[PDB]
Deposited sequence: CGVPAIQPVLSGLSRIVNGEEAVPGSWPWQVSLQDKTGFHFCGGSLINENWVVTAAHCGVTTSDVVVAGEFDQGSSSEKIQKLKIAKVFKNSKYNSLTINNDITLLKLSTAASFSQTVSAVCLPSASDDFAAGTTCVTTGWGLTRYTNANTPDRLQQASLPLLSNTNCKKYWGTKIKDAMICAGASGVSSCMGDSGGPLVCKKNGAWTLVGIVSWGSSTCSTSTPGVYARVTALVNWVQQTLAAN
(Lines of atoms letter the chains of each structure in order from A and count residues from 1; the text may use other names and numbers.)
(Lines give C-alpha, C1' and ligand atoms only; values in the text may rest on other atoms or scores of the structure.)
Protein backbone atom coordinates (compact mmCIF):
# COMPACT_ATOMS: atom_id res chain seq x y z
CA UNK A 1 0.00 0.00 0.00
CA UNK A 2 0.98 3.65 -0.02
CA UNK A 3 3.02 3.76 -3.20
CA UNK A 4 1.03 4.96 -6.25
CA UNK A 5 2.00 3.41 -9.59
CA UNK A 6 1.72 7.00 -10.80
CA UNK A 7 3.86 9.22 -8.59
CA UNK A 8 2.29 12.37 -7.10
CA UNK A 9 3.87 15.65 -8.14
CA UNK A 10 3.64 18.26 -5.33
CA UNK A 11 -9.72 22.22 -1.36
CA UNK A 12 -9.18 26.01 -1.36
CA UNK A 13 -5.94 27.19 -2.99
CA UNK A 14 -4.74 23.68 -3.80
CA UNK A 15 -3.29 22.40 -7.08
CA UNK A 16 -4.64 20.08 -9.74
CA UNK A 17 -3.28 16.58 -9.15
CA UNK A 18 -1.49 14.29 -11.55
CA UNK A 19 -4.27 12.02 -12.90
CA UNK A 20 -4.38 8.74 -10.99
CA UNK A 21 -1.57 9.84 -8.64
CA UNK A 22 -3.89 9.30 -5.67
CA UNK A 23 -5.26 5.83 -6.48
CA UNK A 24 -6.94 5.45 -3.06
CA UNK A 25 -9.05 8.54 -3.54
CA UNK A 26 -12.54 7.31 -4.19
CA UNK A 27 -15.58 9.47 -4.75
CA UNK A 28 -18.83 8.68 -2.95
CA UNK A 29 -21.86 9.29 -5.14
CA UNK A 30 -25.56 8.78 -4.62
CA UNK A 31 -27.63 6.78 -7.09
CA UNK A 32 -28.01 9.86 -9.27
CA UNK A 33 -24.24 10.29 -9.61
CA UNK A 34 -23.98 13.22 -7.22
CA UNK A 35 -20.61 13.30 -5.42
CA UNK A 36 -21.29 14.13 -1.76
CA UNK A 37 -18.06 12.96 -0.10
CA UNK A 38 -14.64 11.46 -0.74
CA UNK A 39 -13.31 8.16 0.65
CA UNK A 40 -10.10 6.09 0.75
CA UNK A 41 -9.47 2.51 -0.30
CA UNK A 42 -7.61 0.57 2.41
CA UNK A 43 -7.74 -2.69 0.40
CA UNK A 44 -9.71 -4.60 -2.24
CA UNK A 45 -13.01 -4.64 -0.36
CA UNK A 46 -12.91 -1.70 2.04
CA UNK A 47 -13.28 2.06 1.92
CA UNK A 48 -12.77 4.46 4.83
CA UNK A 49 -14.77 7.70 4.86
CA UNK A 50 -16.47 10.16 7.21
CA UNK A 51 -19.38 9.02 9.37
CA UNK A 52 -21.23 12.29 8.79
CA UNK A 53 -21.36 11.44 5.08
CA UNK A 54 -24.29 9.19 6.02
CA UNK A 55 -23.33 6.58 3.45
CA UNK A 56 -25.90 3.88 2.79
CA UNK A 57 -25.83 0.79 0.60
CA UNK A 58 -27.84 2.67 -2.02
CA UNK A 59 -24.76 4.85 -2.62
CA UNK A 60 -21.82 4.01 -4.86
CA UNK A 61 -18.04 4.00 -4.43
CA UNK A 62 -16.32 5.40 -7.49
CA UNK A 63 -12.63 4.63 -7.90
CA UNK A 64 -10.28 5.67 -10.68
CA UNK A 65 -11.81 9.06 -11.42
CA UNK A 66 -9.70 12.10 -12.03
CA UNK A 67 -12.16 14.32 -13.93
CA UNK A 68 -15.75 13.96 -12.72
CA UNK A 69 -17.00 15.76 -15.84
CA UNK A 70 -15.24 13.39 -18.19
CA UNK A 71 -16.63 9.99 -19.16
CA UNK A 72 -13.62 8.76 -21.10
CA UNK A 73 -12.04 7.55 -17.86
CA UNK A 74 -11.48 3.88 -16.99
CA UNK A 75 -13.32 4.13 -13.68
CA UNK A 76 -15.03 1.54 -11.48
CA UNK A 77 -18.42 1.89 -9.87
CA UNK A 78 -18.43 -0.30 -6.82
CA UNK A 79 -21.54 -1.27 -4.91
CA UNK A 80 -21.59 -1.13 -1.14
CA UNK A 81 -22.38 -4.35 0.70
CA UNK A 82 -22.25 -3.15 4.31
CA UNK A 83 -21.88 0.13 6.20
CA UNK A 84 -19.97 0.37 9.48
CA UNK A 85 -20.41 3.57 11.44
CA UNK A 86 -18.23 4.21 14.48
CA UNK A 87 -20.57 4.15 17.49
CA UNK A 88 -18.19 6.01 19.77
CA UNK A 89 -19.94 12.34 15.41
CA UNK A 90 -18.45 10.98 17.48
CA UNK A 91 -15.36 9.85 15.70
CA UNK A 92 -16.33 10.92 12.26
CA UNK A 93 -15.30 7.58 10.76
CA UNK A 94 -17.26 5.02 8.75
CA UNK A 95 -16.19 1.84 6.97
CA UNK A 96 -17.74 0.64 3.75
CA UNK A 97 -17.52 -2.99 2.71
CA UNK A 98 -17.81 -3.41 -1.05
CA UNK A 99 -20.05 -6.04 -2.62
CA UNK A 100 -17.33 -6.97 -5.11
CA UNK A 101 -13.57 -6.39 -4.82
CA UNK A 102 -12.04 -3.35 -6.51
CA UNK A 103 -9.57 -4.33 -9.20
CA UNK A 104 -6.25 -2.65 -8.45
CA UNK A 105 -4.39 -0.90 -11.22
CA UNK A 106 -2.20 2.06 -12.01
CA UNK A 107 -5.04 4.33 -10.97
CA UNK A 108 -6.65 2.16 -8.27
CA UNK A 109 -4.76 0.87 -5.21
CA UNK A 110 -4.77 1.22 -1.44
CA UNK A 111 -3.55 3.73 1.12
CA UNK A 112 -1.59 2.38 4.14
CA UNK A 113 -3.28 2.37 7.54
CA UNK A 114 -1.03 3.57 10.40
CA UNK A 115 -0.27 1.62 13.53
CA UNK A 116 -2.18 3.12 16.45
CA UNK A 117 1.22 3.83 18.01
CA UNK A 118 2.47 5.77 14.97
CA UNK A 119 3.87 9.26 15.51
CA UNK A 120 2.97 11.80 12.87
CA UNK A 121 4.37 14.77 14.73
CA UNK A 122 2.98 18.31 14.58
CA UNK A 123 4.63 20.28 11.77
CA UNK A 124 5.01 17.31 9.40
CA UNK A 125 4.00 18.42 5.88
CA UNK A 126 1.26 16.03 4.81
CA UNK A 127 -1.11 16.10 1.81
CA UNK A 128 -4.86 16.25 1.51
CA UNK A 129 -6.87 15.55 -1.67
CA UNK A 130 -10.44 15.67 -3.02
CA UNK A 131 -13.11 17.35 -5.15
CA UNK A 132 -14.16 19.90 -2.53
CA UNK A 133 -14.74 23.56 -3.36
CA UNK A 134 -11.66 25.39 -4.60
CA UNK A 135 -13.40 28.67 -3.78
CA UNK A 136 -16.08 29.32 -1.17
CA UNK A 137 -17.81 25.95 -7.31
CA UNK A 138 -17.06 22.22 -7.32
CA UNK A 139 -14.04 21.20 -9.45
CA UNK A 140 -14.38 18.35 -11.97
CA UNK A 141 -10.75 17.40 -11.51
CA UNK A 142 -9.18 15.96 -8.34
CA UNK A 143 -7.33 18.59 -6.28
CA UNK A 144 -4.43 18.22 -3.82
CA UNK A 145 -2.58 20.34 -1.26
CA UNK A 146 0.42 20.18 1.06
CA UNK A 147 -0.21 21.36 4.62
CA UNK A 148 1.28 20.82 8.09
CA UNK A 149 -0.17 18.86 10.99
CA UNK A 150 -1.03 20.93 14.06
CA UNK A 151 -0.59 19.80 17.63
CA UNK A 152 -3.90 19.50 19.40
CA UNK A 153 -2.81 22.19 21.86
CA UNK A 154 -2.07 24.61 19.00
CA UNK A 155 -5.35 23.66 17.33
CA UNK A 156 -7.51 24.46 20.39
CA UNK A 157 -6.31 28.03 19.97
CA UNK A 158 -8.80 28.32 17.09
CA UNK A 159 -11.41 25.71 17.96
CA UNK A 160 -11.32 25.44 21.77
CA UNK A 161 -12.96 22.49 23.50
CA UNK A 162 -14.11 21.03 20.17
CA UNK A 163 -10.79 19.37 19.25
CA UNK A 164 -10.96 15.90 20.85
CA UNK A 165 -7.94 13.62 21.23
CA UNK A 166 -9.27 11.38 18.46
CA UNK A 167 -9.09 14.39 16.07
CA UNK A 168 -6.11 15.97 14.32
CA UNK A 169 -5.83 19.40 12.77
CA UNK A 170 -3.93 20.23 9.62
CA UNK A 171 -3.53 23.39 7.59
CA UNK A 172 -3.92 27.01 8.67
CA UNK A 173 -1.24 27.49 6.03
CA UNK A 174 -2.88 29.20 3.03
CA UNK A 175 -4.82 26.12 1.93
CA UNK A 176 -7.91 24.52 3.42
CA UNK A 177 -10.24 21.56 3.08
CA UNK A 178 -13.74 22.63 2.04
CA UNK A 179 -17.30 21.42 1.30
CA UNK A 180 -17.13 18.26 -0.81
CA UNK A 181 -13.76 17.19 0.58
CA UNK A 182 -15.33 15.34 3.56
CA UNK A 183 -14.48 11.66 4.12
CA UNK A 184 -11.40 12.06 1.93
CA UNK A 185 -7.76 11.46 2.90
CA UNK A 186 -5.14 13.42 4.68
CA UNK A 187 -1.95 11.36 4.19
CA UNK A 188 1.62 11.67 5.44
CA UNK A 189 4.80 10.01 4.21
CA UNK A 190 5.79 7.27 6.64
CA UNK A 191 8.83 5.15 5.77
CA UNK A 192 8.46 5.95 2.07
CA UNK A 193 4.74 5.01 2.06
CA UNK A 194 1.60 7.21 2.02
CA UNK A 195 -0.32 6.50 5.20
CA UNK A 196 -3.81 7.63 6.18
CA UNK A 197 -3.46 10.02 9.10
CA UNK A 198 -6.68 11.98 8.72
CA UNK A 199 -10.23 11.72 7.45
CA UNK A 200 -11.52 15.11 6.26
CA UNK A 201 -14.13 16.03 8.84
CA UNK A 202 -14.83 19.71 9.50
CA UNK A 203 -13.53 23.29 9.64
CA UNK A 204 -14.25 26.96 8.86
CA UNK A 205 -17.71 27.85 7.61
CA UNK A 206 -15.88 29.73 4.83
CA UNK A 207 -12.91 27.37 4.35
CA UNK A 208 -10.60 30.19 5.51
CA UNK A 209 -7.01 29.40 4.59
CA UNK A 210 -5.80 30.75 7.99
CA UNK A 211 -7.95 28.38 10.05
CA UNK A 212 -7.00 24.71 10.66
CA UNK A 213 -9.22 22.04 9.17
CA UNK A 214 -10.13 19.18 11.48
CA UNK A 215 -9.69 15.50 10.71
CA UNK A 216 -10.59 12.25 12.40
CA UNK A 217 -7.27 11.11 13.90
CA UNK A 218 -6.69 7.78 12.15
CA UNK A 219 -4.17 6.39 14.69
CA UNK A 220 -6.80 6.78 17.38
CA UNK A 221 -9.37 4.95 15.28
CA UNK A 222 -7.40 2.26 13.56
CA UNK A 223 -7.98 -0.47 16.12
CA UNK A 224 -11.66 0.09 15.64
CA UNK A 225 -11.05 -0.31 11.91
CA UNK A 226 -9.04 -3.53 12.37
CA UNK A 227 -11.66 -5.00 14.72
CA UNK A 228 -14.28 -4.24 12.06
CA UNK A 229 -12.21 -5.89 9.34
CA UNK A 230 -11.55 -9.00 11.42
CA UNK A 231 -15.21 -9.65 12.23
CA UNK A 232 -16.33 -9.05 8.63
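Unmodelled regions of the deposited sequence, numbered from residue 1: 11 to 15, 94 to 98, 147 to 149.
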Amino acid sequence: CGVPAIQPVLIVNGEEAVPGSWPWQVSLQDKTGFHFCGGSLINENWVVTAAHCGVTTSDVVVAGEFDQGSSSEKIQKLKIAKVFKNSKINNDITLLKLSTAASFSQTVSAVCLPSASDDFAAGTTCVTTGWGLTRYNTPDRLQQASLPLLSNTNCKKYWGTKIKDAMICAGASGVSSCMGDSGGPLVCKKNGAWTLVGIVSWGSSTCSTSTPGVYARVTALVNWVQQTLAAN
From here on, numbers count along this sequence of modelled residues.
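Definition used throughout: the rigid core is the maximal C-alpha set that superposes within 1.5 Å between two forms.
In 9 other deposited structures of this protein, superposed by the rigid core, the C-alpha atoms of 89 to 97 lie farther from the shown form than the other of 154 to 162 and 89 to 97.
Superposition on the core shows that, in 9 other deposited structures of this protein, the C-alpha atoms drift more in one of 11 to 19 and 206 to 214; this is 11 to 19. Compared with the other entries of this protein, residue 137 is frequently left unbuilt, missing from a third or more of those that build its neighbours. Legend: mean Cα B-factor per stretch from the PDB entry, 122 to 130 versus 69 to 77; the higher mean is in 69 to 77.
Of the two segments, 103 to 111 and 89 to 97, the one listed with the higher mean B-factor is 89 to 97 (C-alpha atoms only). The residue among 43, 40, 173, 177 whose C-alpha atom has the highest B-factor in the PDB entry is 173. Comparing the C-alpha B-factors of 152, 137, 146, 143 in the entry, the top value falls on 137.
Sort the chain's modelled residues by C-alpha temperature factor and residue 9 lands in the highest third, per the entry. Per-chain ranking of the deposited C-alpha B factor places residue 20 in the lowest third.
Annotation for residue 231: CA B-factor lies in the highest third of the chain's modelled residues. Sorting the modelled residues of the chain by their CA temperature factor places residue 191 in the highest third. For residue 57, the recorded CA temperature factor ranks within the middle third of the chain's modelled residues.
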